[PDB]
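Q: Sharing a structure here in structure tokens format.
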RNA sequence: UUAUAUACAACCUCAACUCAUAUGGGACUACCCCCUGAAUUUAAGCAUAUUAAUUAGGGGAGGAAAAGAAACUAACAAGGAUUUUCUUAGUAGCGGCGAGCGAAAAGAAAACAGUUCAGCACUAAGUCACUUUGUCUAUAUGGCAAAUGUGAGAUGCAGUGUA
RNA sequence: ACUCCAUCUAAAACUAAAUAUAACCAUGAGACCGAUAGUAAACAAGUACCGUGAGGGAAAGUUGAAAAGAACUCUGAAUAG
RNA sequence: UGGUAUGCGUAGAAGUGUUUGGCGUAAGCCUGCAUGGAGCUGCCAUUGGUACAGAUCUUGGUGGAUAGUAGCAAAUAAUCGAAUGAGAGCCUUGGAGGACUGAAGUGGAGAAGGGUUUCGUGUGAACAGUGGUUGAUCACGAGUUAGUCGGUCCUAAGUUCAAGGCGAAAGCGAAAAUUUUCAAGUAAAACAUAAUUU
RNA sequence: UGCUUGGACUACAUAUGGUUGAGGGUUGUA
RNA sequence: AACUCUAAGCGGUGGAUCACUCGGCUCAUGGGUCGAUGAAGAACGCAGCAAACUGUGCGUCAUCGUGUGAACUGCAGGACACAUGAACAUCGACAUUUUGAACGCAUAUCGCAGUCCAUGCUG
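Take a look at the structure:
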């Protein structure tokens, strides 16, 4: 659930807009949170996806899809060869996993015009650039 | 009377020689380095401490292995031996 | 060097040679998919390419 | 201290070597900037301290 | 310098000649061949090799002191030659630093190495005359 | 014009915060800690040793004017027109006291000239001699500082030879000092009016 | 490999001290005093002395110099007189 | 087999290996992907706002990163992944509608490139990792061949084929 | 809400180029600065030095063409003259 | 900085000292003379990190105070005097002699600390707010040997952290401490091998 | 064997293969 | 007289000014090359004479191979091995300490084990 701000119980040093503790919520889904934790222990297997089985009160049940890139079955067999590429190292933290892609919010079009043009950081940078052409 | 006298009772080394960096900054009581986070995986290289990274960086040391990697790249990491096109007989 | 070559000729013909005979290249390069296992194409992609390989033609006047 | 841990003794021992006045024939080199040994740590002038 | 690899920049060029690794230092420390030797071999210049006879075309000597190179002291960018010494106040005769770019090589040592380099110089001599 | 800027981090390295008065030493920011004799010592001011200048040079400084299409062309045509008119040419220098004609037109056989020696033979007879001699003699070591910048100095822009077709004109011409060759297509304003002074 | 044994009888004994005070201990006390490797566990010193110079070693006492080196004071069996052996090693 | 009555062969699930074989961690950190997250300041004060989805913090990659063949853009005589630049635009619009903030489509260009599972009746698991030995030959975690030897796999994999 | 139309096909996966680059390596320029300047550092510079520590962190370039760096004599313990 | 005076220049540039001569209301300019040693300037356009007395300005240097005024004064404090040297109240030192701390020491040891400071030899400038041949200085050498003393080992207060977890991660201003038998184990064998033990 | 020296090994998380195992999970032979 | 004031010449003091600069700065261009096959960084010991910088690891200021072809240089041991090679580059073969992710466990201890192989002594 709610990712209650790690506040000292001292009141959060500033403006009243920042004073919420317990109603402050992950910009990352619980699907992704499940994946990132597994991925640090299992750094040798590369995570494609996560799907849900069941949920009661305190916990949500996921099965996480793990691939062996160092097993020559998975080097072997052409469709999944590209996952062995070093570009896919911990997808989970970069949200190239389905869980992470949704939290970063990359949909074509308009409902996401800001942020689809740039991934979520990138869009900001383009906009706030004075593109100074030489021959002004 | 703790004025210069406060200096006068200073005999107990709070920091000893860093196993990681020798910078003599490891807290006996906390068993932890200021700067170099003493055997807790991470060296604490802060981006607020631009200067700290500057001290800790490549180039402050001899960079022994990694320098050789650079030249071998240009060679396209070949195991073999070039040898000698012409004679060249060693006899006395 | 005579030990080194003695070891090389024994480990020659033998798979999984000792770590120091293994081409110390770079860590990334070693694990980066052998050339055989990059060229691997699905049976269907072989059909697609087999009939239709991009042929060296021309345009125009 | 007074009976120094072995790690300490090695660091101090190296420091004793540094405290030597530069061989005077090295001063005569072509583009020799070295007039003196100038990092001479004299124990009551420059500690090692902290 | 028309090709993109190429320093005209004053600071960079000064890096190169002053900080020169000894093999580049030989090139720098070449001396032109005597008018005699130019007829025989058709070679402009050769990089000073120890037994080479030398006449100093400049300072104080400006013609003659027909002597053999003791050593090419490449780090000082200086060549010292036997018989050419400056009187010190302490009576000590110390060799005059003579740059090889002041010098004629009068006599060339022949090795298989030395001949091969004269021969390279012989073969390129034909080419840009052709051009 | 190639962008120069002062380092943006220069004079901001120093952690210095300014000692409030009562400290008997002036308002300016002063380098903290101890015993280095940089401390504490004069930091951050444009009026300080090691401190950053007011206005620090920034790479955003405007190089180029886009000049109106018709306007540069107007200047170019005016330059070509000045290239005749003998009084203008004398005015810029160019020792042309005994020259065959203005506007000086010479046979197309001039273009074919493979060799520098052959080129000079032509040019002199054609009556360049004094003006080419105006060049080489004048080469002189730069007075500035400009010498370090590879701006070794100025030597005399003698003659602009113009060709329709490069049959080996350019390479022959390139060598000879202050003598520049152009194509009729390109006709540079810089070459026709150097220093905005009409009369090449 | 296998990696060759990095403490040969050679490496163990680097030098004889030959200092003014050390020479006296050859004369009087029948000890040959050696500069040794900081890796040499005393029992290394005995073995190496026995093997190189034929001498039966009685006991070895080991000091670290403030010059980051070892001194090994090697007591010889009464069958072997020091001073002959020092000059067999060629050093007065 | 199952009441404490043994023995064997399976499945599931979880342990034990200095087991055979591999992999992750840490750094660098200009650029970049995320998480996380201020205030000074501005408003001549000040709280929403602004500063700002910014600094600081921390994880993760590559030569670029990420993104990527549209649950798009449109309303047309439609166009047709993504990225960036030119534009729209200091505008639609937001905003104690105060201070201040603000993009995309069409249009123009740079460069261009497309696709595949899984789910249908392959219907004689057609598939795969390993272990040994034949051969080959890198200095192979390699390929060829044999044991049709273990093991994975019908709690599902080949394969047509991806709207 | 009702009644339609147009338009795709989500909640899966792979994918160059154009696009970024204050670091790193290999390079080229400057109407850049010229030793209180310029990077902190042109130099045994992240050094010397301070601080318990995090950190703070300098000052300081130049004989001459060649050392030819003043032999020798004299005064002075000598440095020096 | 573009152009130019076919500018000046090691036969002396620039720089700079200057009761040289002169010009301009001035900003400022030129020249002479001396010094100098390697490069430089006028004019027309072109760009600025463009002109200083100050900012309790910055940084470096230097005065008057003041070749000496504060002072170098607490623990009386020497002193005869032999030796040596360039010089000697101390510091070099004997002999001698006045005293001091007055064994709860200004002594004789060690820890905490120091880091070559210990010690011999050489011994000059700098240092010993004085001298100083001498020193904890400066230069050159040597020296710290252990089965039995400490470290080691052991635990304490307390800590480092593998957990089920939680966290944005790192890590947990955390003692979490859950984790098939996470447990200690036999000079032991028959049927869960057979005793105990988290 | 005792005494002594040298080299090579002995972290953790985890996948696969290996074999030992295990549970009144559950099936079957008796 | 002396001193003081004022000016000038000369000598100090001091390092401004000028001219130089193997450096700095900024823009552009090509490339992608750390790590459990044990990194970056740290410590430690190393030159004939070194104490640092720089270089290197116990084979320690460096070794193979390769290129070039006679230095290094302050003084020298050396210089020889210049024709099989100096010395520098190349550096593709090796070495690459004690550490550090740091890996038996620890670290105001270079502290203390276990295991295999192996050596000497005693038997």
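Chains as they are written, first to last, in full-length UniProt numbering: chain A, 69 to 204; chain B, 2 to 93; chain C, 63 to 123; chain D, 2 to 51; chain E, 2 to 132; chain F, 52 to 251; chain G, 186 to 277. Note that the Cβ used here is the ideal one computed from N, Cα and C, for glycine as well.
How about the segment 69–85 of chain B and the segment 38–51 of chain B: do they share at least three Cβ pairs that are nearer than 8 Å?
A: no
Q: Would you please verify whether the beta carbon of residue 87/C is less than 8 Å from any beta carbon of chain B?
A: Yes, because at least one Cβ of chain B sits closer than 8 Å to the Cβ of residue 87/C.
Q: Taking the alpha carbon of residue 234/F as the point to measure from, which residue in 140/F, 243/F, 91/F, 172/F has its own alpha carbon closest?
A: 243/F
Q: How long is the line joining the alpha carbons of residue 125/F and residue 239/F, rounded to whole angstroms?
A: 12 Å
Q: Kindly say whether residue 117/F, judged by its beta-carbon, lies nearer than 8 Å to any beta-carbon of chain A.
A: Interface residue, yes.
Q: For residue 191/A, collect the residues of the same chain with a Cβ closer than 6 Å to its Cβ; drop the 5 residues on either side in sequence, then sort them by chain order.
A: Within its own chain, the residues whose Cβ lies closer than 6 Å to the Cβ of residue 191/A, once the five positions on either side in sequence are excluded, are 182, 183, 185, listed in chain order.
Q: Going by DSSP, what residue range makes up the beta strand (DSSP E) through residue 57/F?
A: Note, residue 57/F: premise wrong, no beta strand (DSSP E); not H, not E.
Q: When you compare each of 116/F, 66/F, 166/F to residue 102/F by their alpha carbons, which one comes out closest?
A: 66/F
Q: Hey, quick one: how far does the alpha helix (DSSP H) through residue 196/G stretch, first residue to last?
A: 194–197
Q: For residue 281/F, which three-state DSSP category applies?
A: Any answer about residue 281/F is impossible in this case: the structure gives chain F only from 52 up to 251.
Q: If you drop the 5 nearest sequence neighbours on each side, which residues of the same chain put their C-beta closer than 7 Å to that of residue 43/E?
A: Shown here for residue 43/E: same chain residues with a beta carbon closer than 7 Å to its own, the five before and five after excluded, namely 123, 126 in chain order.
Q: On the DSSP bridge list, what partners appear for residue 120/E?
A: DSSP output for residue 120/E lists no bridge partner at all.
Q: Does DSSP put residue 86/B in a helix, in a strand, or in coil?
A: Correct three-state label for residue 86/B: coil.
Q: Any beta-carbon of chain C closer than 8 Å to the one on residue 154/A?
A: yes
Q: In chain C, which residues lie with their C-beta within 9 Å of the C-beta of residue 78/B?
A: Neighbours of residue 78/B on chain C, chain order: 85, 86, 87, 88, 91.
Q: Is residue 71/E closer than 8 Å to residue 96/E when the C-beta atoms are compared?
A: In contact: residue 96/E and residue 71/E (Cβ atoms closer than 8 Å).
Q: Just to confirm the assignment, what range does the beta strand (DSSP E) spanning residue 246/G have?
A: It spans 242–249 - the beta strand (DSSP E) in which residue 246/G sits, taken as one unbroken run.
Q: CA-CA distance, residue 141/F and residue 182/F?
A: 11 Å
Q: Residues of chain C with CB closer than 7 Å to the CB of residue 146/A, please, in chain order.
A: 102, 103, 104
Q: For the 8 Å Cβ check, are there 3 or more pairs between the segment 158–172 of chain F and the segment 129–139 of chain F?
A: no
Q: What is the residue span of the alpha helix (DSSP H) that residue 172/F lies within?
A: 167–177
Q: On the three-state DSSP scale, how would you describe residue 47/E?
A: strand
Q: Indicate whether at least one CB of chain A lies closer than 8 Å to the CB of residue 81/C.
A: no
Q: Chain A partners of residue 114/F, CB-CB under 9 Å?
A: 202, 203, 204
Q: Please list the terminal residues of the continuous alpha helix (DSSP H) segment that includes residue 180/F.
A: 180–187
Q: Give a yes or no on whether the minimum CB-CB distance between residue 69/C and chain A is below 8 Å.
A: Answer no: the Cβ-Cβ gap between residue 69/C and chain A never drops below 8 Å.
Q: Should residue 152/A be labelled buried (16 or more other beta-carbon atoms within 10 Å of its own) or exposed?
A: buried
Q: If residue 260/G and residue 241/G are in contact, beta carbons under 8 Å, what's the gap, nearest whole angstrom?
A: With 8 Å as the limit, residue 260/G and residue 241/G do not qualify as a contact, their Cβ atoms being about 10 Å apart.
Q: Do the segment 98–106 of chain C and the segment 219–227 of chain G meet, that is, are 3 or more Cβ pairs less than 8 Å apart?
A: These segments do not touch.
Q: Under 8 Å, CB to CB, which of the residues in the segment 48–69 of chain B have a partner in chain C?
A: none
Q: Under 9 Å between beta-carbons, which chain A residues line up against residue 94/C? List them in chain order, please.
A: Those are 152, 153, 154, listed as they occur along chain A.
Q: Does the CB of residue 117/A have a neighbour CB from chain C at under 8 Å?
A: Closer than 8 Å: no.
Q: Going residue by residue through the segment 77–159 of chain A, where are the continuous beta strand (DSSP E) segments of at least 3 residues, counting only ones entirely within it?
A: Qualifying beta strand (DSSP E) stretches, in chain order: 113–124, 127–136.
Q: Hey, quick one: how far does the beta strand (DSSP E) through residue 219/G stretch, first residue to last?
A: Unbroken beta strand (DSSP E) run through residue 219/G: 216–221.
Q: Unbroken beta strand (DSSP E) runs of length 3 or more, entirely within the segment 49–123 of chain E: which are they?
A: 54–57, 68–74, 79–82, 86–88, 94–96, 104–108
Q: Rounded to whole angstroms, what is the Cα-Cα separation between residue 61/B and residue 39/D?
A: Distance between the alpha carbons of residue 61/B and residue 39/D: 22 Å.
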